Amino acid sequence: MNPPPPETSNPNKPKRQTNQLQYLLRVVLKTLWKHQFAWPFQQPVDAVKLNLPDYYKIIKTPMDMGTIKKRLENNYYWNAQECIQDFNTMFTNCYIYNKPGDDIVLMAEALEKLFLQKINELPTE
Ligand SMILES: CC(=O)Nc1ccc(-c2c(-c3nc4ccc(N5CCN(C)CC5)cc4[nH]3)[nH]c(C)c2C(C)=O)cc1
């Protein structure tokens with residue numbers, strides 16, 4: 001069964017627009033989004049549709065690039081590191097729920113390498 005997806009708006013949360021967060025949306029997120037391995041990560045895992053009744057019994061901090069994109073577009077984040085943590089959470093969830101050599105893990109590994117390549121250098125403030 002599906003829990004509520006992670007929030008993408010929160011009026012009491014303090015927000016900030018930074019050059020680095022703009023970069024995370026304009027180039028980092030949008031480049032990863034077009035990768036041929038991006039499709040499993042563009043939306044919250046639907047455990048009912050995907051027939052994974054144990055997904056959310058295992059994964060307790062779900063995250064996906066669709067949620068990250070909406071957070072960025074809604075200026076949800078305070079700084080780039082908060083956004084980077086969401087990316088890292090998404091990748092780690094994939095490695096936790098699956099196992100080495102799974103097709104989904106191969107995809108996450110390729111995306112994670114591209115992700116780190118893109119954030120290795122960020123713009124300044
Ligand atoms: C038997 C088998 O392979 N089970 C299975 C089921 C689910 C997943 C799986 C998926 C996933 N599976 C999708 C199937 C469809 C879509 N679509 C919506 C996007 N749209 C362009 C195309 C359709 C998105 C998807 N994300 N994501 C993650 C993070 C997964 C895991 C387990 O970590 C991996 C394997």
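Both counts, for ligands and for their atoms, begin at 1 and track the order of listing. All values below were derived from every heavy atom in this structure, side-chain atoms included, with hydrogens, water molecules and symmetry-related copies excluded. For the single chain, residues carry numbers from 1 onward in sequence order.
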For a distance cut-off of 3.5 Å, show me each N or O of ligand 1 paired with any protein N or O, plus the separation.
| unit_1 | atom_1 | unit_2 | atom_2 | d |
| --- | --- | --- | --- | --- |
| ligand 1 | 26 (N) | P40 | O | 3.2 |
| ligand 1 | 27 (N) | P40 | O | 2.8 |
| ligand 1 | 33 (O) | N98 | ND2 | 3.0 |

Under the 3.5 angstrom rule, does the side chain of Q20 hit a backbone N or O of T124 as a donor-acceptor pair? no
In this structure, are over 12 heavy atoms from other groups packed under 6.0 Å from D54 atom CG? yes
Drop me the distance from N19's CG to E125's CD, to the nearest 0.5 angstrom. 5.0 Å
For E82, is there an ion pair with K13 - N to carboxylate O distance below 4.0 angstrom? yes
Check the orientation of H35 and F37. Use parallel for under 30°, tilted for 30 to 60°, and perpendicular for over 60°. tilted
Looking at residues at least two apart in the chain, or sitting in another chain, which of them share a side-chain contact (heavy atoms from CB on, under 4.5 Å) with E73? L25, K69
